[PDB]
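Protein chains in written order, with the numbering used here: chain A, 270 to 355; chain B, 5 to 91.
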């Protein structure tokens, strides 16, 4: 894989919503993604469509087409707390 | 002189995606424990203040003498984290 950028949807991030998407897909000889199948997403309706859009712009080593690849994408929010002395 | 100043992200704030900050005045006893804790301000209202006061009771300093009217600003942020895993 050259890049597999996934963005945190802004609504979900703003609402503190975490979750997980499992996706099956093919890679063309052009090393682009096709036949994108959402195997699961939680919570339902939140991350699936945005992940499918992001995957449209994924790039792999153009060589030989590969089929039935699976990835898990886990969306979390890391609490960060700083104590500033005044 | 601070040894331990752990602050936790309140569960409820975290689940709601709420960020913000608390400004607190407090004293430090000779035992290097924290006392006389007073919230000066918080945003948003009533989200972080009480949990920060609770956390600050367990704070620890190195000191040879009580110090008073110390001020801290405690800042709460939520950062996006995405893991892509091949299966």
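Each residue gets a CB set at the ideal place from its N, CA and C atoms; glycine is no exception.
Rounded Cβ spacing between residue i and residue j (contact assumed at less than 8 Å)
i, j, result
"residue 288 of chain A", "residue 315 of chain A", "6 Å"
"residue 84 of chain B", "residue 277 of chain A", "4 Å"
"residue 1 of chain B", "residue 28 of chain B", "Nothing can be reported for residue 1 of chain B, as the shown portion of chain B is limited to 5 through 91."
"residue 89 of chain B", "residue 341 of chain A", "4 Å"
Cβ of residue i within 8 Å of any chain A Cβ
i, result
"residue 8 of chain B", "no"
"residue 11 of chain B", "yes"
"residue 69 of chain B", "no"
Minimum Cβ-Cβ distance from residue i to chain B less than 8 Å
i, result
"residue 351 of chain A", "yes"
"residue 342 of chain A", "yes"
Where the alpha helix (DSSP H) containing residue i begins and where it ends
i, result
"residue 6 of chain B", "No alpha helix (DSSP H) contains residue 6 of chain B, which is instead part of the beta strand (DSSP E) from 6-8."
"residue 15 of chain B", "15-20"
Residue i - containing beta strand (DSSP E), residue span
i, result
"residue 154 of chain B", "Because chain B in this structure spans residues 5 to 91, residue 154 of chain B falls outside the shown range and cannot be described."
"residue 311 of chain A", "302-311"
"residue 11 of chain B", "Per DSSP, residue 11 of chain B belongs to no beta strand (DSSP E) and is neither H nor E."
"residue 287 of chain A", "Careful: residue 287 of chain A lies outside any beta strand (DSSP E) and carries neither H nor E."
"residue 74 of chain B", "71-90"
Contact set for residue i: own chain, Cβ-Cβ below 7 Å, skip 5 residues either direction
i, result
"residue 38 of chain B", "30, 32, 60, 61, 63"
Chain-order list of residues whose beta-carbon lies under 8 Å from that of residue i (same chain, five-residue window excluded)
i, result
"residue 68 of chain B", "34"
Residues of its chain near residue i, where Cβ-Cβ distance is below 6 Å and the 5 sequence neighbours each way are ignored
i, result
"residue 339 of chain A", "293"
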